[PDB]
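Comments concern the structure below.
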Amino acid sequence: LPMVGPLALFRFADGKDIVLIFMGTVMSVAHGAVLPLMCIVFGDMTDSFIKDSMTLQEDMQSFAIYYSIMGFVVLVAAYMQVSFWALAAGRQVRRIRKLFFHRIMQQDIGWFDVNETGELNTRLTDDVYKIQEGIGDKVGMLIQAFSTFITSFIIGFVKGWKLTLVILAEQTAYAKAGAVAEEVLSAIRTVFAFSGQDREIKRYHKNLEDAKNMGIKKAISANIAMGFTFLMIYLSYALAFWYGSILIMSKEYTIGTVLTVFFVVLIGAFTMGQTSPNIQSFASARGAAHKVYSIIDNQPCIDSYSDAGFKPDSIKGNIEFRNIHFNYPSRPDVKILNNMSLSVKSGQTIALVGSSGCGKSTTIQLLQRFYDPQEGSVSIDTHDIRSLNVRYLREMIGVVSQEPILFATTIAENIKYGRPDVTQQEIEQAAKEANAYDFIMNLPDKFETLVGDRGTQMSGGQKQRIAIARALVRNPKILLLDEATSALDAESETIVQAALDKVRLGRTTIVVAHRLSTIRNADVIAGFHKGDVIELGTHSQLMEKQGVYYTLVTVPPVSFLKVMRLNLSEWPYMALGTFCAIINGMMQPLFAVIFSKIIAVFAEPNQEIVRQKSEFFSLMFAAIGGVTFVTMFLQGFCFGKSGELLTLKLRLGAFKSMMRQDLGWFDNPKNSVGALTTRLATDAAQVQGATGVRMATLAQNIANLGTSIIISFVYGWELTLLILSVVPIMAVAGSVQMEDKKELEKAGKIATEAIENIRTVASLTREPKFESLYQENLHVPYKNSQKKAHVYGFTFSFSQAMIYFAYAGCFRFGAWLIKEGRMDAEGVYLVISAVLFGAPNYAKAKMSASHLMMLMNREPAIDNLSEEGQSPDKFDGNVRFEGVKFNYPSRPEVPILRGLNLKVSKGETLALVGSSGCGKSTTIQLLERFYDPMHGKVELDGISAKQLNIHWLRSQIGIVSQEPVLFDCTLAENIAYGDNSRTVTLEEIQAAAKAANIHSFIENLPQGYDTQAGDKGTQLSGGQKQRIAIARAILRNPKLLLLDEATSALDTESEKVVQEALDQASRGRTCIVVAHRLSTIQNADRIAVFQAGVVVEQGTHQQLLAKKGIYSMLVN
C-alpha cells in the first residue's frame, strides 16, 4: 500500500505543538530510563539480602526512598507524556478535520463524482480516528519501548560483559471461502432463483472444512513457535545461572550483577517484542494519513474560495454559449454535449426540450461552474465566466432541481442560508415573498419549527415551497430550473407554477422541460438533440416540426451464555484447555517460589555443595520449562481447535440463516455484500478468539491469586495481609489498567448532510456557513476529548506508579517482620518475586457475537428454505393478479405500486415494457417471491402464492435478467447449475447449447464444455455471457419464462441472435417479456403497457397501434 515516512505525519504542527512533542519525547525517554533502573535496584537489593543472610536497616531505608522517588518520577513523567501526547493528537486532528472539510468543500464536484459520498464519509471518520489514535499514545509507547531497548543494551555493555551478552544470546486458507461467499452474495438473486441453496451451502461447507484444516495447521505452527520461545527463555535462564556460577567460582564479577544484566536484557528483548503490535498500528495510522494527505493536497483548476476574479455590478442577464463541448470526467469517452450554443437575454423566458437525461442538467451545471468548459465560451453580460469569480457567479443565480432537500435545522435557519443579512423583518418579508407558504405548521411559531430528519416530515410540495422561498431570499438575477414540476402531488403543480409565474415578474429564467407536467408553459422554447441545438423559436412556431409537443400524451449482549451453549458439544477441548490453564496458573507461583530459593541459596561459600545445588536447580528448571512448553502447546492446540470449530459453526449458521432469509433484507445499506462479507470474515474470528481466551485468562489469574493466598496463609497472618495488600490491591492496577465518538457522530451527521447534498450546498455558496456550523458542533467534543485525555493520563500514571508504591509498602511490613521476627527472610523474597513476575478482545467479540446471534435468529417476511406449503401437480401457467398492491420495503415513502390485475395463461405472450423506470423489475421480483405482496392475490391455476412452497415455484419458472453473472467454475457446472434438484449428464447440456446457438463457439476451443472461466482463461463478451445464461435458465425447461431487459445493455449485433435464442426458448410455454425494443414486442400475442407503476393496457399490438397507443410516440 502507499505509505509516506514520518515526515508526512507531523507536517501539521505549530510552535506550541512541536514544543509539546519535544517535552513528551523527553518525558517518554525518562519513563524508558526508569524502566531498567527498577530492576537494577532489585538485583542490588537481592545481593544485599544475600550478604545479610550470612547492616541492613539503613540499606533497606535507602532502597525504600529510592523506590519512592522512582514511583513519583514515573507518575509525573507518565502523566505528562500521556497528557501532552494526547493534547498534540487533539490539536493535530482538529486541524486535520478543519482542513479536510475545507478541501472537501473547495474541491470541485468532479472529485465527488469520482468518490462515493458515504464512502468518503467513512474514510473521513475512520482515517481521522486512526490518525488520532496512532499519533497520540501509540507513538509515545513506541518511543518508550525503543528508549528502554537502548538503555538495556547500554547497561549490559557498560556492566556485565557476558562475552557480549552471550554473543547476543489465514487469508491463504480463507481465500476460497471468501470467494464463494462473494459469489453467492453478489449474485444472491441467481443463487436464490435456481434453488441453489443446498449446492452453495455444500460448497461453502467444503471450503470451510479446508479452511478449518489450515487454521489447525497454523495454530500448530504458532503454538510450536511460542513453546520454542519459552524453551529458549528457560535455556537462557539456565545458561545465565551457569555463567554466574562459573563467575563466582572464578572470582571476577559479583553475584547479582549477572542477574541484573540478565533481567535487563530479557526485559529489553521482550519490550522490543511488545512494540510490534504498536508499530503495526503506527503503520496503519501512517497509511490512513497518507490517504488523507493526498485528499487535502489538491488544488483543482476549478475553485470557489479564490478571490482572484472580476466582480462587476452591472448584471442584467445575458447568457451566451459559444461552441461549448464537454466530456464527463468519470467517462470522458461519452459525447454528452457537442457544439452547443445558446443566447439568453435578460427577462426572456427560454426553455429547452429534447431527449431525457442528455441535455437537461448539463447546461445548468456548466452555468454553475461545476465543470469547466473543455471547449467553447460561456459569457455573462459580455464577461466570460472564467474571468468572473466563482463565488460572485454562483451567488447571483438561483438554481432548483427535482430533488428537494432541506437541511437539518429549523425553517428559519434553512432560509437563513439565502443570505447572511436576513433578520426577523427580512426573513418574514421574504417568506411573504414566497406567497405560497403563508401558512405554517403546528407549533404556531411562525417559521421557528424544528424540522429534523423525522421531525414533521413534509411533502414534496411544501419542500419545493420552502426551497423557492430560500431561493427568493437572495433575489437572484438568473433562475435555472431543472424540471421543478416532478415528484409532486396532483394539487401542488398549480401552486408551484403560480409561484414561479409570480417569481418571473422582472427576472430571467431558463427552465429545461421534458416531462408531462407542462411543456408549453414558457414563452420561447428551443430544441436540443444529444447535446446540440436544433433551433430556437417561439412555442407557436415550434409547432411546425410537429415532433416535440404532439409527441407526448395529449442489540442485547450476553455474558457468554449462548457461546458456551453452542460449544457444549466440545467437552474434551474446552475442559482440557481449562484444566491445562489451571495447571499453568498452579505452576506460575511454584516458579516464583523455586526462583526465590535459587536466588536466596547463593549465600554458600562452599564449592561442592554450591555446585550440586546449582546443577540440580538447573535440571529441575529445565524440566519445568519443558512441562510449561507441553502444557502451553496442548492448551494452544485445544483452544485453536475449539475456536476454529466455533468459527466454522458460526459461519455455517450465518450462511444458513442468510439463505433462509428473504431478499429485501439485503437491499438495505447495512446488508451490503461487502459489509456482509467483512462481517462474516472478522466477527466470527473475533468471537472465536474471545470466548476461549477469556476462560483461559480468568482461570490463570484466579489460580495465581488463590495460590499466592494459600502460600501466604502457610507463611503467616502478616504474609496473608501482605498478599491482600499487594496483589488484590494490584487487582485494580493490573485490571482496570486497560463517547466523544457519539458526540462526534452529532457532527459527522452534519458533515454527511453537507457532502451528500454537495450540489445544493455548492449552489448557494454556503461552504463557510456549513464550515462554521461544523466547527461549532465540534467545539464541544474537542473539549470533552481533552478532558477525557487528562483523566486517562492521570489514571494510567496512577496505575503505573502503584507498582513502585506497593514495592515500597512491602518494606513497611518486612521491617517489622524481620525485627519482631514473626517469620524468616523468605516471605519478603516471595512477595517481591511474585509481584515482579506478575508485572478489548472480549469487548469486540461480544458485539460481534451479538451481531451473529441476531443474524441467525431473524423472522424473514417469507422463509425461502422452509418447506411448509403445497406442491401442486403439473403447472400449465396461469398467473392472475387480484388487485395486488406493493410498497418498496427499504423506502416505503415512495409507493412503487398502486394496483395490479395482470392476467396470463398457458401459451399467452403478454409483453411488458417498463419504460417509466418506476417498477422495471419489481413485477419480476413479485413472482419470484423476493418480496411479499402488500395486497391482492397471485392466483396460479386456482391457488395463491402466500401459502405455497417457494422451492417448487422457483423451480418451475425461468428468470432471465440483464446481468448474466457466471460462476467462477467450469462451463460444464455453470450450465448444470440450472437443475439443482437432480444431477445432470452431458446430453442435457448439449441440448441447452443447441437451443442457445452457442455450440458453434464452444466446438472451436479444444477444452469444450469443460473450459475454465474466470479472468486469465477464456474471457467472454456480453453476448456470449447472455446466451450462456439463457442456456443455464432453459436447462430445466420451465413452464413459464420471465425475462427482464434480456436483449438490453448489449452489443447491437448480438440483439438479433439473443432474440432468436429467446424465441426458440419461448416455444409452447407462457412468456413475460420486459424488453425495451419493440421489435420483440411486434410478434407478441398481447401487450400490457407499464406506466406510472400501473398497467394501462392488456391487448393486441395491432389494436395498440390502431388506437394510437403509447408506443406510437414512444418509438423514440
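Just so we're aligned: the sequence shown equals residues 43 to 96, 118 to 232, 255 to 639, 710 to 893, 902 to 1002, 1013 to 1289 in PDB author numbering.
Even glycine gets a Cβ: it sits at the ideal position worked out from N, Cα and C.
**Prompt:** CA-CA distance, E1032 and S1021?
**Reply:** 20 Å
**Prompt:** Does the distance from the CB of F147 to the CB of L62 come in under 9 Å?
**Reply:** yes
**Prompt:** Would you report the Cα separation of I604 and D1217, rounded to the nearest angstrom?
**Reply:** 32 Å
**Nonlocal neighbours in the same chain, by C-beta distance under 7 Å from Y1150, ignoring five residues either side** = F279, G281, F1140 and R1205
**Prompt:** Just the Cα atoms here: how many angstroms apart are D506 and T534?
**Reply:** 21 Å
**Asked** With respect to the beta strand (DSSP E) encompassing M1107, which residues constitute its N-terminal and C-terminal limits?
**Response** That residue, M1107, is in no beta strand (DSSP E); it is neither H nor E in DSSP.
**Prompt:** At what residues does the alpha helix (DSSP H) containing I318 begin and finish?
**Reply:** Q282 to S335
**Continuous beta strand (DSSP E) assignments of at least 3 residues falling wholly in the segment 730-760** = none
**Asked** At which residue ranges does the segment 1129-1205 contain complete beta strand (DSSP E) runs of 3 or more residues, listed in the order of the chain?
**Response** 1130-1133
**Message:** So, with DSSP's three-state summary, where would you put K932?
**Reply:** helix
**DSSP three-state assignment for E873, whether helix, strand or coil** = helix
**Request:** In angstroms with no decimal places, state the Cα-to-Cα distance between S1252 and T639.
**Result:** 25 Å
**Prompt:** Can you name the start and end residues of the beta strand (DSSP E) that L270 belongs to?
**Reply:** From DSSP, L270 is part of no beta strand (DSSP E) but of the alpha helix (DSSP H) over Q256 to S271.
**Prompt:** Residues in its own chain within less than 6 Å of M965 by CB, not counting five upstream and five downstream?
**Reply:** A888
**Prompt:** Among the residues of its own chain, which have a CB less than 7 Å from the CB of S441, if the five just before and after it don't count?
**Reply:** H599
**Request:** For the segment 496-503 and the segment 464-479, state whether three or more C-beta atom pairs, one from each stretch, are separated by less than 8 Å.
**Result:** no
**Asked** Starting from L427 and walking both ways along the beta strand (DSSP E), at which residues does that stretch end?
**Response** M425 to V429
**Prompt:** Going by Cα to Cα distance, which pick from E488, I217 and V156 is closest to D190?
**Reply:** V156
**Asked** For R1209, which residues from the same chain have a beta carbon less than 6 Å from its beta carbon, with the 5 sequence-adjacent residues on both sides left out?
**Response** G1151 and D1152
**Request:** Please determine if the segment 1044-1061 and the segment 1075-1082 are in contact, where contact requires at least 3 C-beta pairs separated by less than 8 Å.
**Result:** yes
**Asked** DSSP three-state call for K1047: helix, strand or coil?
**Response** coil
**Message:** Less than 9 Å between the beta carbons of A839 and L800, yes or no?
**Reply:** no
**Prompt:** Under a Cβ-count criterion, where at least 16 other Cβ atoms within 10 Å of its own Cβ denotes burial, should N298 be classed as buried or exposed?
**Reply:** exposed
**Prompt:** Given that a residue counts as buried once 16 or more other Cβ atoms are within 10 Å of its Cβ, and exposed if not, what is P458?
**Reply:** buried
**Request:** Classify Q542 as helix, strand or coil using the three-state DSSP reduction.
**Result:** coil
**Prompt:** Around the Cβ of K1019, are there at least 16 other Cβ atoms within 10 angstroms (buried) or fewer (exposed)?
**Reply:** buried
**Message:** Quick check on the burial criterion: 16 or more other C-beta atoms within 10 angstroms. Buried or exposed for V484?
**Reply:** buried
**Message:** Checking the sheet assignment: what are the DSSP bridge partners for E620?
**Reply:** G612
**Local conformation of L1208 per DSSP, three classes** = coil
**Asked** Helix, strand or coil: which one does DSSP assign to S464?
**Response** strand
**Prompt:** For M317, is the classification buried or exposed, using 16 other Cβ atoms within 10 angstroms of its Cβ as the cut-off for buried?
**Reply:** exposed
**Asked** Going by C-alpha distance, which of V1267, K396, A1257 and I1245 is nearest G1131?
**Response** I1245
**Message:** On a Cα-Cα basis, can you pick out the residue from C1091, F771 and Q144 that is closest to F64?
**Reply:** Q144
**Asked** Below 9 Å between beta carbons: does that hold for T342 and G85?
**Response** yes
**Message:** Between which residues of its own chain and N739 is the CB-CB distance below 8 Å, once the five residues before and five after are set aside?
**Reply:** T783, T786, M787, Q790, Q855 and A858
**Request:** Go ahead and label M1027 buried or exposed: buried means 16 or more other beta carbons lie within 10 angstroms of its beta carbon, across all protein chains shown.
**Result:** exposed
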